[PDB]
$ cat start-v6.json   # JSON, N, CA and C atoms
[["chain", "number", "residue", "atom", "x", "y", "z"],
["A", 1, "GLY", "N", 10.00, -7.46, -8.98],
["A", 1, "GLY", "CA", 9.75, -6.04, -8.85],
["A", 1, "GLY", "C", 9.24, -5.68, -7.46],
["A", 2, "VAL", "N", 7.93, -5.68, -7.30],
["A", 2, "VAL", "CA", 7.33, -5.42, -6.00],
["A", 2, "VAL", "C", 7.74, -6.52, -5.02],
["A", 3, "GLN", "N", 8.07, -6.12, -3.80],
["A", 3, "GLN", "CA", 8.56, -7.07, -2.81],
["A", 3, "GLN", "C", 7.99, -6.76, -1.43],
["A", 4, "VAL", "N", 6.69, -7.00, -1.28],
["A", 4, "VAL", "CA", 6.02, -6.77, -0.01],
["A", 4, "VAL", "C", 6.64, -7.64, 1.06],
["A", 5, "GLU", "N", 6.91, -7.05, 2.22],
["A", 5, "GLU", "CA", 7.56, -7.77, 3.30],
["A", 5, "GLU", "C", 6.73, -7.71, 4.57],
["A", 6, "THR", "N", 6.58, -8.86, 5.22],
["A", 6, "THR", "CA", 5.84, -8.92, 6.47],
["A", 6, "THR", "C", 6.55, -8.11, 7.54],
["A", 7, "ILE", "N", 5.79, -7.32, 8.28],
["A", 7, "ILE", "CA", 6.32, -6.63, 9.45],
["A", 7, "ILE", "C", 5.86, -7.39, 10.68],
["A", 8, "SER", "N", 4.57, -7.31, 10.99],
["A", 8, "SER", "CA", 4.03, -8.12, 12.08],
["A", 8, "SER", "C", 2.81, -8.90, 11.59],
["A", 9, "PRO", "N", 2.65, -10.13, 12.10],
["A", 9, "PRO", "CA", 1.60, -11.05, 11.65],
["A", 9, "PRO", "C", 0.18, -10.55, 11.90],
["A", 10, "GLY", "N", -0.72, -10.88, 10.97],
["A", 10, "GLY", "CA", -2.13, -10.63, 11.14],
["A", 10, "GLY", "C", -2.83, -11.92, 11.51],
["A", 11, "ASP", "N", -4.07, -12.09, 11.05],
["A", 11, "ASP", "CA", -4.80, -13.33, 11.29],
["A", 11, "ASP", "C", -4.14, -14.51, 10.58],
["A", 12, "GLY", "N", -3.39, -14.22, 9.52],
["A", 12, "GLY", "CA", -2.73, -15.25, 8.74],
["A", 12, "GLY", "C", -3.73, -15.94, 7.84],
["A", 13, "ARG", "N", -4.89, -15.33, 7.68],
["A", 13, "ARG", "CA", -6.00, -15.97, 6.98],
["A", 13, "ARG", "C", -6.53, -15.13, 5.83],
["A", 14, "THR", "N", -7.30, -14.10, 6.17],
["A", 14, "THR", "CA", -8.13, -13.42, 5.18],
["A", 14, "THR", "C", -7.32, -12.46, 4.31],
["A", 15, "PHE", "N", -6.81, -12.99, 3.21],
["A", 15, "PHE", "CA", -6.14, -12.19, 2.20],
["A", 15, "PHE", "C", -7.18, -11.46, 1.35],
["A", 16, "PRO", "N", -6.82, -10.28, 0.82],
["A", 16, "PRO", "CA", -7.73, -9.47, 0.01],
["A", 16, "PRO", "C", -8.20, -10.18, -1.26],
["A", 17, "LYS", "N", -9.45, -9.92, -1.64],
["A", 17, "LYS", "CA", -10.03, -10.55, -2.81],
["A", 17, "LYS", "C", -10.61, -9.50, -3.75],
["A", 18, "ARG", "N", -11.17, -9.95, -4.87],
["A", 18, "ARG", "CA", -11.84, -9.04, -5.78],
["A", 18, "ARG", "C", -13.03, -8.39, -5.08],
["A", 19, "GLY", "N", -13.14, -7.08, -5.22],
["A", 19, "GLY", "CA", -14.32, -6.36, -4.80],
["A", 19, "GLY", "C", -14.39, -6.03, -3.32],
["A", 20, "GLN", "N", -13.45, -6.55, -2.55],
["A", 20, "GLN", "CA", -13.40, -6.23, -1.12],
["A", 20, "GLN", "C", -12.97, -4.80, -0.88],
["A", 21, "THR", "N", -13.59, -4.15, 0.11],
["A", 21, "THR", "CA", -13.21, -2.80, 0.50],
["A", 21, "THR", "C", -12.06, -2.86, 1.50],
["A", 22, "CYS", "N", -10.84, -2.88, 0.99],
["A", 22, "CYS", "CA", -9.65, -2.94, 1.82],
["A", 22, "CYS", "C", -9.52, -1.68, 2.67],
["A", 23, "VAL", "N", -9.21, -1.85, 3.95],
["A", 23, "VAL", "CA", -9.10, -0.71, 4.85],
["A", 23, "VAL", "C", -7.79, -0.75, 5.62],
["A", 24, "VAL", "N", -6.95, 0.26, 5.39],
["A", 24, "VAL", "CA", -5.60, 0.32, 5.94],
["A", 24, "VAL", "C", -5.21, 1.72, 6.43],
["A", 25, "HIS", "N", -4.60, 1.79, 7.61],
["A", 25, "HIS", "CA", -3.73, 2.92, 7.91],
["A", 25, "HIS", "C", -2.37, 2.66, 7.28],
["A", 26, "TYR", "N", -1.67, 3.72, 6.90],
["A", 26, "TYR", "CA", -0.37, 3.55, 6.28],
["A", 26, "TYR", "C", 0.42, 4.85, 6.24],
["A", 27, "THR", "N", 1.66, 4.73, 5.78],
["A", 27, "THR", "CA", 2.47, 5.89, 5.45],
["A", 27, "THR", "C", 3.26, 5.56, 4.20],
["A", 28, "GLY", "N", 3.77, 6.57, 3.52],
["A", 28, "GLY", "CA", 4.52, 6.35, 2.30],
["A", 28, "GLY", "C", 5.83, 7.12, 2.29],
["A", 29, "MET", "N", 6.93, 6.39, 2.19],
["A", 29, "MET", "CA", 8.25, 7.01, 2.15],
["A", 29, "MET", "C", 9.08, 6.49, 0.98],
["A", 30, "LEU", "N", 9.98, 7.33, 0.49],
["A", 30, "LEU", "CA", 10.87, 6.96, -0.61],
["A", 30, "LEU", "C", 11.99, 6.04, -0.15],
["A", 31, "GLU", "N", 12.81, 5.60, -1.10],
["A", 31, "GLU", "CA", 13.95, 4.74, -0.80],
["A", 31, "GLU", "C", 14.87, 5.41, 0.21],
["A", 32, "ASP", "N", 14.93, 6.73, 0.13],
["A", 32, "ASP", "CA", 15.83, 7.52, 0.95],
["A", 32, "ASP", "C", 15.38, 7.51, 2.41],
["A", 33, "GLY", "N", 14.11, 7.17, 2.62],
["A", 33, "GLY", "CA", 13.50, 7.24, 3.93],
["A", 33, "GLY", "C", 12.73, 8.53, 4.11],
["A", 34, "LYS", "N", 12.87, 9.45, 3.15],
["A", 34, "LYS", "CA", 12.04, 10.65, 3.13],
["A", 34, "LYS", "C", 10.59, 10.24, 2.95],
["A", 35, "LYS", "N", 9.70, 10.81, 3.76],
["A", 35, "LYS", "CA", 8.28, 10.52, 3.64],
["A", 35, "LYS", "C", 7.63, 11.36, 2.54],
["A", 36, "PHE", "N", 6.53, 10.85, 1.99],
["A", 36, "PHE", "CA", 5.69, 11.63, 1.10],
["A", 36, "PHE", "C", 4.22, 11.45, 1.44],
["A", 37, "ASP", "N", 3.91, 10.46, 2.24],
["A", 37, "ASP", "CA", 2.51, 10.25, 2.54],
["A", 37, "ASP", "C", 2.30, 9.57, 3.86],
["A", 38, "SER", "N", 1.26, 9.98, 4.58],
["A", 38, "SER", "CA", 0.86, 9.27, 5.79],
["A", 38, "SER", "C", -0.64, 9.04, 5.82],
["A", 39, "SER", "N", -1.05, 7.80, 6.01],
["A", 39, "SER", "CA", -2.46, 7.53, 6.25],
["A", 39, "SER", "C", -2.91, 8.09, 7.58],
["A", 40, "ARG", "N", -2.11, 7.86, 8.62],
["A", 40, "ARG", "CA", -2.46, 8.25, 10.00],
["A", 40, "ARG", "C", -2.59, 9.76, 10.27],
["A", 41, "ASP", "N", -1.65, 10.53, 9.73],
["A", 41, "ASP", "CA", -1.61, 11.98, 9.90],
["A", 41, "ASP", "C", -3.00, 12.55, 9.68],
["A", 42, "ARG", "N", -3.71, 11.97, 8.72],
["A", 42, "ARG", "CA", -5.11, 12.27, 8.49],
["A", 42, "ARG", "C", -5.96, 11.69, 9.61],
["A", 43, "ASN", "N", -5.44, 10.63, 10.22],
["A", 43, "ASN", "CA", -6.14, 9.80, 11.20],
["A", 43, "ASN", "C", -7.38, 9.11, 10.61],
["A", 44, "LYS", "N", -7.64, 9.39, 9.34],
["A", 44, "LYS", "CA", -8.67, 8.69, 8.59],
["A", 44, "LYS", "C", -8.14, 7.38, 8.04],
["A", 45, "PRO", "N", -8.84, 6.27, 8.32],
["A", 45, "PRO", "CA", -8.48, 5.01, 7.68],
["A", 45, "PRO", "C", -8.62, 5.13, 6.17],
["A", 46, "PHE", "N", -7.72, 4.51, 5.41],
["A", 46, "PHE", "CA", -7.79, 4.60, 3.97],
["A", 46, "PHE", "C", -8.53, 3.40, 3.39],
["A", 47, "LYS", "N", -9.45, 3.66, 2.46],
["A", 47, "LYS", "CA", -10.32, 2.60, 1.95],
["A", 47, "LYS", "C", -10.23, 2.49, 0.44],
["A", 48, "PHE", "N", -10.05, 1.27, -0.07],
["A", 48, "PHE", "CA", -10.00, 1.06, -1.51],
["A", 48, "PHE", "C", -10.47, -0.34, -1.89],
["A", 49, "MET", "N", -11.38, -0.43, -2.86],
["A", 49, "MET", "CA", -11.69, -1.72, -3.46],
["A", 49, "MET", "C", -10.46, -2.23, -4.19],
["A", 50, "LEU", "N", -10.12, -3.50, -4.00],
["A", 50, "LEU", "CA", -8.93, -4.04, -4.65],
["A", 50, "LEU", "C", -9.30, -4.62, -6.00],
["A", 51, "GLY", "N", -8.41, -4.44, -6.98],
["A", 51, "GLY", "CA", -8.67, -4.88, -8.34],
["A", 51, "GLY", "C", -9.49, -3.86, -9.11],
["A", 52, "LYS", "N", -9.78, -2.74, -8.46],
["A", 52, "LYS", "CA", -10.59, -1.69, -9.06],
["A", 52, "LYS", "C", -9.73, -0.83, -9.99],
["A", 53, "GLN", "N", -8.42, -1.04, -9.93],
["A", 53, "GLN", "CA", -7.44, -0.30, -10.72],
["A", 53, "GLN", "C", -7.52, 1.20, -10.46],
["A", 54, "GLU", "N", -7.95, 1.55, -9.25],
["A", 54, "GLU", "CA", -8.02, 2.95, -8.83],
["A", 54, "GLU", "C", -6.70, 3.42, -8.25],
["A", 55, "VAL", "N", -5.76, 2.50, -8.10],
["A", 55, "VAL", "CA", -4.49, 2.79, -7.45],
["A", 55, "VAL", "C", -3.31, 2.38, -8.31],
["A", 56, "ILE", "N", -2.10, 2.67, -7.83],
["A", 56, "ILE", "CA", -0.89, 2.22, -8.51],
["A", 56, "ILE", "C", -0.83, 0.70, -8.48],
["A", 57, "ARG", "N", -0.27, 0.12, -9.53],
["A", 57, "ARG", "CA", -0.34, -1.32, -9.74],
["A", 57, "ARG", "C", 0.29, -2.13, -8.61],
["A", 58, "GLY", "N", 1.35, -1.60, -8.02],
["A", 58, "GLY", "CA", 2.02, -2.31, -6.95],
["A", 58, "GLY", "C", 1.17, -2.35, -5.70],
["A", 59, "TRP", "N", 0.44, -1.27, -5.45],
["A", 59, "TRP", "CA", -0.50, -1.24, -4.34],
["A", 59, "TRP", "C", -1.66, -2.20, -4.61],
["A", 60, "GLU", "N", -2.07, -2.27, -5.87],
["A", 60, "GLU", "CA", -3.19, -3.12, -6.26],
["A", 60, "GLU", "C", -2.83, -4.59, -6.16],
["A", 61, "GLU", "N", -1.55, -4.90, -6.32],
["A", 61, "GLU", "CA", -1.10, -6.29, -6.34],
["A", 61, "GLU", "C", -0.62, -6.77, -4.98],
["A", 62, "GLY", "N", 0.27, -6.00, -4.36],
["A", 62, "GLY", "CA", 0.96, -6.43, -3.17],
["A", 62, "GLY", "C", 0.18, -6.41, -1.87],
["A", 63, "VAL", "N", -0.89, -5.62, -1.81],
["A", 63, "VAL", "CA", -1.73, -5.59, -0.62],
["A", 63, "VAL", "C", -2.43, -6.94, -0.46],
["A", 64, "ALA", "N", -2.67, -7.60, -1.59],
["A", 64, "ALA", "CA", -3.37, -8.88, -1.59],
["A", 64, "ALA", "C", -2.59, -9.94, -0.84],
["A", 65, "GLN", "N", -1.27, -9.78, -0.80],
["A", 65, "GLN", "CA", -0.41, -10.71, -0.08],
["A", 65, "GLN", "C", -0.59, -10.61, 1.43],
["A", 66, "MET", "N", -1.04, -9.46, 1.90],
["A", 66, "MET", "CA", -1.20, -9.21, 3.33],
["A", 66, "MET", "C", -2.41, -9.91, 3.93],
["A", 67, "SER", "N", -2.32, -10.23, 5.21],
["A", 67, "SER", "CA", -3.45, -10.77, 5.96],
["A", 67, "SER", "C", -4.14, -9.66, 6.74],
["A", 68, "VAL", "N", -5.39, -9.88, 7.16],
["A", 68, "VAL", "CA", -6.09, -8.89, 7.97],
["A", 68, "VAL", "C", -5.39, -8.71, 9.31],
["A", 69, "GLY", "N", -5.21, -7.46, 9.72],
["A", 69, "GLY", "CA", -4.58, -7.14, 10.99],
["A", 69, "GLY", "C", -3.07, -7.16, 10.89],
["A", 70, "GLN", "N", -2.57, -7.59, 9.74],
["A", 70, "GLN", "CA", -1.14, -7.61, 9.49],
["A", 70, "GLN", "C", -0.56, -6.23, 9.28],
["A", 71, "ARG", "N", 0.64, -6.02, 9.79],
["A", 71, "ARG", "CA", 1.45, -4.88, 9.39],
["A", 71, "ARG", "C", 2.50, -5.38, 8.42],
["A", 72, "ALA", "N", 2.73, -4.64, 7.35],
["A", 72, "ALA", "CA", 3.67, -5.08, 6.33],
["A", 72, "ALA", "C", 4.27, -3.91, 5.56],
["A", 73, "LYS", "N", 5.49, -4.12, 5.07],
["A", 73, "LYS", "CA", 6.18, -3.11, 4.28],
["A", 73, "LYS", "C", 6.03, -3.38, 2.79],
["A", 74, "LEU", "N", 5.50, -2.40, 2.07],
["A", 74, "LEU", "CA", 5.39, -2.49, 0.62],
["A", 74, "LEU", "C", 6.53, -1.77, -0.06],
["A", 75, "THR", "N", 7.56, -2.52, -0.44],
["A", 75, "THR", "CA", 8.67, -1.94, -1.18],
["A", 75, "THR", "C", 8.33, -2.04, -2.67],
["A", 76, "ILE", "N", 7.27, -1.34, -3.07],
["A", 76, "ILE", "CA", 6.77, -1.42, -4.44],
["A", 76, "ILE", "C", 7.75, -0.86, -5.46],
["A", 77, "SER", "N", 7.95, -1.61, -6.54],
["A", 77, "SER", "CA", 8.78, -1.18, -7.66],
["A", 77, "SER", "C", 8.13, -0.03, -8.40],
["A", 78, "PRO", "N", 8.94, 0.94, -8.87],
["A", 78, "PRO", "CA", 8.39, 2.10, -9.56],
["A", 78, "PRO", "C", 7.58, 1.74, -10.80],
["A", 79, "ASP", "N", 7.96, 0.68, -11.50],
["A", 79, "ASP", "CA", 7.21, 0.25, -12.68],
["A", 79, "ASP", "C", 5.80, -0.16, -12.28],
["A", 80, "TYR", "N", 5.67, -0.67, -11.06],
["A", 80, "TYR", "CA", 4.37, -1.03, -10.51],
["A", 80, "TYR", "C", 3.71, 0.19, -9.88],
["A", 81, "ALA", "N", 4.44, 1.30, -9.85],
["A", 81, "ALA", "CA", 3.90, 2.57, -9.39],
["A", 81, "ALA", "C", 3.87, 3.57, -10.54],
["A", 82, "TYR", "N", 4.12, 4.84, -10.23],
["A", 82, "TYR", "CA", 4.14, 5.88, -11.25],
["A", 82, "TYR", "C", 5.29, 5.71, -12.24],
["A", 83, "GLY", "N", 6.39, 5.12, -11.77],
["A", 83, "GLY", "CA", 7.53, 4.81, -12.62],
["A", 83, "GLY", "C", 8.22, 5.99, -13.28],
["A", 84, "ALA", "N", 8.52, 5.83, -14.56],
["A", 84, "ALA", "CA", 9.23, 6.85, -15.33],
["A", 84, "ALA", "C", 8.39, 8.12, -15.41],
["A", 85, "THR", "N", 7.08, 7.96, -15.33],
["A", 85, "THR", "CA", 6.19, 9.11, -15.29],
["A", 85, "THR", "C", 6.40, 9.89, -14.00],
["A", 86, "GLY", "N", 6.40, 9.17, -12.88],
["A", 86, "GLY", "CA", 6.53, 9.80, -11.58],
["A", 86, "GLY", "C", 5.19, 10.37, -11.17],
["A", 87, "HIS", "N", 4.99, 10.62, -9.88],
["A", 87, "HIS", "CA", 3.76, 11.26, -9.46],
["A", 87, "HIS", "C", 4.03, 12.75, -9.48],
["A", 88, "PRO", "N", 3.32, 13.48, -10.35],
["A", 88, "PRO", "CA", 3.73, 14.87, -10.58],
["A", 88, "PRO", "C", 3.65, 15.69, -9.30],
["A", 89, "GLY", "N", 4.66, 16.51, -9.07],
["A", 89, "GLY", "CA", 4.70, 17.37, -7.90],
["A", 89, "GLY", "C", 5.12, 16.67, -6.62],
["A", 90, "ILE", "N", 5.18, 15.34, -6.64],
["A", 90, "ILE", "CA", 5.50, 14.58, -5.43],
["A", 90, "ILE", "C", 6.64, 13.62, -5.66],
["A", 91, "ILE", "N", 6.35, 12.53, -6.37],
["A", 91, "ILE", "CA", 7.31, 11.46, -6.55],
["A", 91, "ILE", "C", 8.11, 11.65, -7.82],
["A", 92, "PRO", "N", 9.43, 11.81, -7.68],
["A", 92, "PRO", "CA", 10.35, 11.88, -8.81],
["A", 92, "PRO", "C", 10.33, 10.57, -9.58],
["A", 93, "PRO", "N", 10.53, 10.63, -10.91],
["A", 93, "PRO", "CA", 10.48, 9.44, -11.76],
["A", 93, "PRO", "C", 11.55, 8.42, -11.37],
["A", 94, "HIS", "N", 11.22, 7.14, -11.50],
["A", 94, "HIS", "CA", 12.11, 6.05, -11.14],
["A", 94, "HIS", "C", 12.47, 6.07, -9.65],
["A", 95, "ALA", "N", 11.46, 5.87, -8.81],
["A", 95, "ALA", "CA", 11.66, 5.86, -7.37],
["A", 95, "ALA", "C", 10.81, 4.78, -6.70],
["A", 96, "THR", "N", 11.48, 3.76, -6.17],
["A", 96, "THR", "CA", 10.80, 2.68, -5.46],
["A", 96, "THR", "C", 10.10, 3.22, -4.22],
["A", 97, "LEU", "N", 8.86, 2.79, -4.02],
["A", 97, "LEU", "CA", 8.07, 3.26, -2.89],
["A", 97, "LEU", "C", 8.18, 2.29, -1.72],
["A", 98, "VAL", "N", 8.05, 2.82, -0.51],
["A", 98, "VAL", "CA", 8.12, 2.02, 0.70],
["A", 98, "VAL", "C", 6.97, 2.39, 1.63],
["A", 99, "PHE", "N", 6.02, 1.48, 1.79],
["A", 99, "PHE", "CA", 4.83, 1.75, 2.58],
["A", 99, "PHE", "C", 4.82, 0.99, 3.89],
["A", 100, "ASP", "N", 4.50, 1.67, 4.99],
["A", 100, "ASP", "CA", 4.29, 1.00, 6.26],
["A", 100, "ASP", "C", 2.80, 0.68, 6.41],
["A", 101, "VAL", "N", 2.32, -0.26, 5.61],
["A", 101, "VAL", "CA", 0.90, -0.59, 5.58],
["A", 101, "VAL", "C", 0.47, -1.36, 6.83],
["A", 102, "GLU", "N", -0.75, -1.10, 7.28],
["A", 102, "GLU", "CA", -1.39, -1.95, 8.28],
["A", 102, "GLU", "C", -2.82, -2.26, 7.84],
["A", 103, "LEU", "N", -3.07, -3.50, 7.45],
["A", 103, "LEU", "CA", -4.38, -3.87, 6.94],
["A", 103, "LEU", "C", -5.39, -4.00, 8.08],
["A", 104, "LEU", "N", -6.08, -2.90, 8.35],
["A", 104, "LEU", "CA", -7.06, -2.86, 9.44],
["A", 104, "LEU", "C", -8.15, -3.88, 9.23],
["A", 105, "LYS", "N", -8.79, -3.83, 8.07],
["A", 105, "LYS", "CA", -9.92, -4.71, 7.81],
["A", 105, "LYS", "C", -10.33, -4.77, 6.35],
["A", 106, "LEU", "N", -10.40, -5.98, 5.81],
["A", 106, "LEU", "CA", -11.06, -6.20, 4.53],
["A", 106, "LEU", "C", -12.56, -6.04, 4.72],
["A", 107, "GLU", "N", -13.22, -5.43, 3.74],
["A", 107, "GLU", "CA", -14.66, -5.19, 3.82],
["A", 107, "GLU", "C", -15.33, -5.43, 2.48]]

$ encode --input "start-v6.json" --output "structure tokens"
Amino acid sequence: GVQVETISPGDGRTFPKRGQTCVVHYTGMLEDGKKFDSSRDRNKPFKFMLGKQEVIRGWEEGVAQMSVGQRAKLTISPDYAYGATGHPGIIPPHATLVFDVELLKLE
């Protein structure tokens, strides 16, 4: 399902763990390449404890594969995201997500 892909290498070491405050700039675009979200546009770094289940399952799972300082593409499967439900008002149901994640810093 989810198929996170390395873009550019990080430390190659510190993968995300339980309870860590993951910190990433990112953007979010559909399969079509149409965007729906940007971390940077806000210019605010995005922060989330991993395993907290506060996010879509694919984000919760696939970020862990990334290293600190790594840039990576999250081609998250819809089932691991909003899926058939879809994100109301934004993401149409059954749409694979594509994130240009950059793991700034685990915290």

$ closest_residue --input "start-v6.json" --among "A:23, A:76, A:55, A:50" --to "residue 107 (chain A)" --atoms "only N, CA and C atoms"
A:23

$ atom_distance --input "start-v6.json" --atom1 "CA of residue 10 (chain A)" --atom2 "atom N of residue 40 (chain A)"
18.7 Å

$ closest_residue --input "start-v6.json" --among "A:45, A:30, A:25, A:3" --to "residue 77 (chain A)" --atoms "only C-alpha atoms"
A:3

$ atom_distance --input "start-v6.json" --atom1 "atom N of residue 4 (chain A)" --atom2 "CA of residue 62 (chain A)"
6.1 Å

$ closest_residue --input "start-v6.json" --among "A:1, A:19, A:9, A:33" --to "residue 58 (chain A)" --atoms "only C-alpha atoms"
A:1

$ residues_around --input "start-v6.json" --residues "residue 73 (chain A)" --least-positions-apart "6" --cutoff "10 Å" --atoms "only C-alpha atoms" --output "MDAnalysis selection string"
chainID A and resid 3:8 26:28 62:63 66 97:102
